[PDB]
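This report concerns only the one structure given below.
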Amino acid sequence: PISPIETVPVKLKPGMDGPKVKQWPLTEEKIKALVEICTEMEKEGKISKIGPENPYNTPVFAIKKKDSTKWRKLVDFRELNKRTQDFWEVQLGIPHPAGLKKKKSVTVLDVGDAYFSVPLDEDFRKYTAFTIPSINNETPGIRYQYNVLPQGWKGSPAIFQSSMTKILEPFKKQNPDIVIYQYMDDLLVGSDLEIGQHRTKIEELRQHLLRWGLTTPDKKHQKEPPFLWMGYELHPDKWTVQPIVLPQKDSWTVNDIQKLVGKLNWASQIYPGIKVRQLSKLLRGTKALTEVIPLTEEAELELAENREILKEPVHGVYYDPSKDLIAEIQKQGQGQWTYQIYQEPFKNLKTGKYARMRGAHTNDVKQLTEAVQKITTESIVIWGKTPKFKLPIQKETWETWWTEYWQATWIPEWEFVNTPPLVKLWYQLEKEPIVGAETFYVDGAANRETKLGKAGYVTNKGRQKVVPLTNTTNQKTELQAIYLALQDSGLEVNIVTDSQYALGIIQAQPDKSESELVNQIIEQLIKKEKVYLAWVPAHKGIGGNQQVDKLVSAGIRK
Amino acid sequence: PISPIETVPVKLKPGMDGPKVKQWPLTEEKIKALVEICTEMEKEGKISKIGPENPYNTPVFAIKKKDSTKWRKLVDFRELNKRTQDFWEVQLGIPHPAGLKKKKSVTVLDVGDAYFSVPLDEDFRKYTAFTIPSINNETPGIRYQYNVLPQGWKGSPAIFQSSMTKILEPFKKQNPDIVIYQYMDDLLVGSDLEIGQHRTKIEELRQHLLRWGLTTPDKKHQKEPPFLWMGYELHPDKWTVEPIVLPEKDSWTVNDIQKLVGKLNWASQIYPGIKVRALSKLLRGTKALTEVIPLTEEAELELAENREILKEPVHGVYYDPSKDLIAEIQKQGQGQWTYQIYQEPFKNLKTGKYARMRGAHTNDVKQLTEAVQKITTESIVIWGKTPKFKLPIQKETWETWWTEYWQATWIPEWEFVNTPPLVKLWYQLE
Ligand SMILES: COc1ccc2c(c1)N(C(=O)OC(C)C)[C@@H](CSC)C(=S)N2
């Protein structure tokens, strides 16, 4: 059942040649299953025996996947796939269920063995050459070519997608408002015509196709509603995912954990309120798929908290091109936020989360805005529209982290709402130094090979101090040194900083961190009435310098 | 209905392959605008659909250039140029007239519709294959090839260069003081005339441009507060430096002076012969910052001497045509940014303050994108090349909104800044 359509032109990558092999000699039983096989294939005119004259070859596999009644074969166009030219990949991802529409009735047609009909270019076929030798080398040259796009063959999937497109071209032209989608081996036909008035076009389709070389065994309209689309579970008016059974053990390896980590994420398109955070935080020690790991109490906390929602199934509505598209973002804490996209209030379109990670010390407003994009970017990747924004952030705190920040930023139609974890500015610094306030010339240091340092200060009224530190970074240290400095100050203070690094850290005003040290400063900052920092060149001249780095002296020679 | 002219063979540089870029998905409003364009132009024999045997790709946008009414197409041929044109920069150079900058005022016209008339080399065309996006990855992208010379490409005017010269001839000798640079789809035109004379001296060129080949300058119309009537006239003779402002009265407090030495400390790698100790000494002590402590006798010298190295620098100004300029910008106030085009760090080639109003739409990204061009037409006008832009912005935020305020042809190369800069302080040049 060869098609009668304009084939597509393929050459192998310039310079390279088609493959030439010689297969592993096989016996009586293997050859019988293949002769028989190729004959009625040749019969459908899918292949053609050629002669000695064709140079190139490839091997055959005469498999049995399950151990069922119909023997079958296959050829691994391994070497050919190396050689053959490059194509415009069709596998350009997938369309996302959220953003699909509500097309009353729909059917899917299996175009599975619908490639073998599509004809190969008349010049390449020679390359697809394979030989069927016998047991007693009585007939060494029983070789066949390949007239249609073979199984696997780099371009097959690339081309078949193209041919078929030109194929439904007039039908999609005559029957306009019906709508076909295609991927792999599944055809989804859909309309807003009552079942029978729908089955027409499907049958019409089932025929049109038949006229073009390709069959579609489907029967009376074929398959309907419970849809296992690329994992996704879809229903004529709602979507979600179905088999998603993340279990548990008493001794897991990162191996299985990865999986656990995946599922949770996957399930994150739909189920409002999921996090992977802690379960993944621990993943860090990337050794082999043999090493095991102690699922912490923080991880199982989440491993269990997440199962509750995921315990009881949540639904997904479809897109309605007229209705408002919108989203608002809630913060799940630990730098984690959750967004929900909706048209009709409480009608769940889509949900997902933004977790600023693998790069510490980050500000909140900033993170708010970061996710907004995650959305902006995603809302176009699907609705080609920008969600109106319902966001938990006052205007005046925004107008400030808009005009405060350096990296320029932008946020479209956003509106204000209330919700407990309201975001905003806990603190801020000063621009001009404070009058009368005490002036603290801080300093730190460390043993560049001995692990220790000393944090401390000296105020302008002759207020000195130090605190010997250990197992610390020249950074941590010059950081820690500001905490003291902080502590031993009353209400409105002035700090003169040795370090760029920390000055920068404290410029941005971030917040939470596993580094209790940075946090501890935050709170100081948070409690102070007026904090003014200032900064000066280390080795050069940090003001009182001579004395400062000199009172913190241990081991140095300069 | 056709008249086959003949082609100048375009071939692949240093063994490369053709660009296999990915198309940024885009608005539906815009995914419409591109079919409404590409088809009517597919009619016009300009463009054509290709099959799967062609894997090559390239970006397509959709702007509204002169104002708001109809859309414009645009292409990021940035990989093809980065492919071919570093051989068709040789084989087909188009030289930069260095008196370009020397002129009073430079205007520019989209004399780019003009290359649609030249057939493109059949055997090359495969490398101009673009694609048009579908909403939600449903339908397989609408895929076209280029039959003529793509208005995007850098290899185009290379070719049509010829006709450009031949077509300008009578003009060039009627008015010889005027120079013209054919950059991109750009006809850079400058003169030492009044803002009324060069303005006319231009249309004169427009008229000529219609007659002699119905090549066409798109109608000049828009009215921004900076009274842009007819003519996008950059005035290069306005090129004076005034960024690095020392505070007039700031040598009063410990703080001011504490600032004053740090600033002086950056300048140290720019003007290395900098003397600042006897100033620093003024603050060698752990003192209160709000303490009005006046200067020392010998300190004024270090301020004064260094305070006169400004009005006259040397060896910076050295451009290397075998290296690539880098522009880097940074935000400041509500509408005042800054850029520094160097090429080898601290070696400034050109600097400036992208201004704009206080009561105006303080949209960062309007400024940033619009800042960027302002850099660029100057970087063309002066060197005739595009700066690697080190951008103060989220990758994904820019990859989501430039296409909005980009009323320009060429899409200069770009990078985005990871860490913050101290530089901003007050107007400072890195
Ligand atoms: C219950 O199944 C569905 C429910 C809604 C939709 C679909 C299937 N869609 C589709 O092609 O299915 C996969 C390939 C995504 C398409 C039209 S299919 C005729 C649209 S716009 N909405």
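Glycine gets a Cβ as well: all are built from the backbone with ideal geometry, and neighbour counts include every protein chain shown. No value in this document is a laboratory result; all are computed from the given coordinates.
One table, with the values for the structure above:
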| quantity | calculated |
| --- | --- |
| Shielding of A:536-545 by partner chains, average beta-carbon count, 10 Å | 5 |
| Label-to-label distance, nm, for residues given as A:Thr473 and A:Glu40 (7 Å Cα→Cβ offset) | 7.1 nm |
| Table column - 3J(HN,Hα) (Hz), region B:387-403, Karplus curve with 6.51, -1.76, 1.60, x for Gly and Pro | x, 7, 8, 9, 8, x, 5, 5, 3, 3, 7, 6, 5, 10, 10, 5, 3 |
| Straight-distance crosslink candidates among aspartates and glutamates, where the alpha carbon sits under 17 Å from B:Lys30 and sequence neighbours closer than 8 are dropped | A:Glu378, B:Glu40, B:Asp67, B:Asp76, B:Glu138, B:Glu399, B:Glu404 |
| Mean Cβ neighbour count within 10 Å, used as a protection proxy, ranking A:446-456, B:106-116 highest first | B:106-116, A:446-456 |
| Cα-based reach from A:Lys101 at 16 Å (exclusive), listing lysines while leaving out same-chain residues under 8 positions away | A:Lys238, A:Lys323, A:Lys347, A:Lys350, A:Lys385 |
| For region B:234-319: relative contact order, % (alpha-carbon pairs under 8 angstrom, 6 or more apart) | 30 percent |
| Ordering of B:85-95, A:101-111 by burial proxy (mean other Cβ atoms within 10 Å per residue, highest first) | A:101-111, B:85-95 |
| Euclidean distance of C-alpha centroids, region A:204-273 and region B:108-131, integer Å | 44 Å |
| Shielding by partners, peptide B:340-348 (average Cβ within 10 angstrom, other chains) | 0 |
| Sequence-distant residues sharing a close amide H with A:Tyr457 (under 5 Å, placed H) | A:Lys465, A:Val466 |
| Region A:530-544 - phi-based ³J(HN,Hα) in whole Hz, Karplus 6.51/-1.76/1.60, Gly and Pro as x | 7, 9, 10, 10, 7, 9, 9, x, 3, 3, 5, x, 9, x, x |
| Listed residue pairs exceeding 23 Å between alpha carbons, taken from A:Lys64/A:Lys259; B:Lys65/B:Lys390; B:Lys263/B:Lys350; B:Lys126/B:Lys374 | A:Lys64/A:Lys259; B:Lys65/B:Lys390; B:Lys126/B:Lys374 |
| Gain upon complete extension [B:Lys311, B:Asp324; 0.36 nm per residue less C-alpha separation] | 1.9 nm |
| Region A:264-355 - percent relative contact order, Cα under 8 Å, separation 6 or more | 31 percent |
| In sequence order, calculated HN-Hα J values of region A:512-521 (Karplus, 6.51, -1.76, 1.60; Hz; x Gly/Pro) | 4, 5, 7, 7, 3, 4, 5, 4, 3, 6 |
| Helix-only CD estimate at 222 nm, as mean residue ellipticity for chain A, using -39500 (n - 2.57) per DSSP H run (n ≥ 4) | -8500 deg cm²/dmol |
| Cα-Cα over 29 Å, subset of A:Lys353/A:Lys431; A:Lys451/A:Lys512; A:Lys374/B:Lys331; A:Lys154/B:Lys22 | A:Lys353/A:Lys431 |
| Sequence-distant residues sharing a close amide H with A:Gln332 (under 5 Å, placed H) | A:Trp337, A:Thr338 |
| FRET efficiency, B:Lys126 to A:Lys461 (Cβ-Cβ, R0 60 Å, nearest 0.05) | 0.15 |
| For A:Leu109, residues with placed amide H under 5 Å, excluding near neighbours | A:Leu187, A:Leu188, A:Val189 |
| Estimated FRET transfer efficiency when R0 is 22 angstrom, pair A:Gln197-A:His235 (beta carbons, to 0.05) | 0.60 |
| Pairs from B:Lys172/B:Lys201; B:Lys73/B:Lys223; B:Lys13/B:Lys49; B:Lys20/B:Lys64 whose Cα-Cα separation, in the structure shown, is over 21 Å | B:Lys73/B:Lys223; B:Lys13/B:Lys49; B:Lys20/B:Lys64 |
| q = 0.08, 0.12 Å⁻¹: log10 I(q)/I(0) that the Debye formula gives for chain A, counting C-alpha atoms only | -0.81, -1.21 |
| Label-point separation in nm, B:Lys424 to A:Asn136, each point 7 Å along Cα→Cβ | 8.9 nm |
| Ordering of B:145-154, B:403-412 by packing [mean C-beta count within 10 Å, highest first] | B:145-154, B:403-412 |
| Residue among A:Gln340, A:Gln475, A:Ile329 farthest towards the positive dipole end of chain A, charges placed on Cβ | A:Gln475 |
| Calculated FRET value between A:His539 and A:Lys395, using beta carbons and R₀ = 56 Å, to 0.05 | 0.80 |
| Shielding of B:283-295 by partner chains, average beta-carbon count, 10 Å | 6 |
